[PDB]
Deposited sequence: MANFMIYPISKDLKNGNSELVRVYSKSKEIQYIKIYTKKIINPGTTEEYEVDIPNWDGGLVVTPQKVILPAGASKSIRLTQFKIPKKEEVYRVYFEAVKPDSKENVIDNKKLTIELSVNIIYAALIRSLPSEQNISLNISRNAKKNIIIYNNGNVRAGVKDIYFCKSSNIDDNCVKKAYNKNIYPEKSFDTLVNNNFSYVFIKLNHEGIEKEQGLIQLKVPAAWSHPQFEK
């Protein structure tokens, strides 16, 4: 029984970050930590798979902690290599029972942290495309995921309030493509991405290709 902070992390330039683990328990716990890599993320083809600790892109020190009652610990996470493009991982935190100080079906809650292994120069580049069935397709040409908040299928070239604001809220990861589920005859499209602090807002528009 414990809690971790935080549950999502970005890692750039080879610098480590820490995930902290806090016990809510009166009994001493034993915690093991393991990393899975996320393949074809953002897609319907997204799955997880176990990787090793130093050659898979993530360095996790340590992977086993004795966590005394009410104690807290730090786990270090750093990238092995700096990738050419964004890779994404999940780091699991699990109470292992050597012992943790009808029947019993003990409940083991597990937390996993989403880790973004980021490239040196974050570059965002989007492509436009038309499907078979001529749905409109967005492709990620950049080395970093593209968080799409809202897409503007403008009738005109410019953003009149007649255009159809369709919300997608989806991350399009590099080398991958995304279906707008729109085949209609829009002239130009406008895409809105996410920001809060520091990382620099931009806005972008891409011409439709005909059906």
property: Sequence ranges without modelled C-alpha atoms (deposited numbering); result: 1 to 2, 104 to 112, 223 to 231
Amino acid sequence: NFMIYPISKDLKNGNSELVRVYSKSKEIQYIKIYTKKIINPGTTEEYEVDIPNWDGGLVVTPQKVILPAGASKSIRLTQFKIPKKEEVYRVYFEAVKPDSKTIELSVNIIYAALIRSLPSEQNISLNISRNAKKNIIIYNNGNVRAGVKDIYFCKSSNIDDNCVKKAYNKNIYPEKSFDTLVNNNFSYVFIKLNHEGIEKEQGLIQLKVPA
From here on, numbers count along this sequence of modelled residues.
| item | value |
| --- | --- |
| Mean C-alpha B-factor comparison - 73 to 81 and 136 to 144, higher one | 136 to 144 |
| Segment of higher mean CA temperature factor, 114 to 122 or 90 to 98 | 90 to 98 |
| Candidate set 32, 37, 155, 26 [ranked by C-alpha B-factor, highest] | 155 |
| Of the residues 159, 58, 65, 49, the one carrying the largest Cα B-factor as recorded | 159 |
| Where the record places residue 206 (Cα B-factor, split into thirds across the chain) | highest |
| Where the record places residue 12 (Cα B-factor, split into thirds across the chain) | middle |
| Chain-relative CA temperature factor third for residue 43 | middle |
| For residue 173, the third of its chain into which the C-alpha B factor falls | lowest |
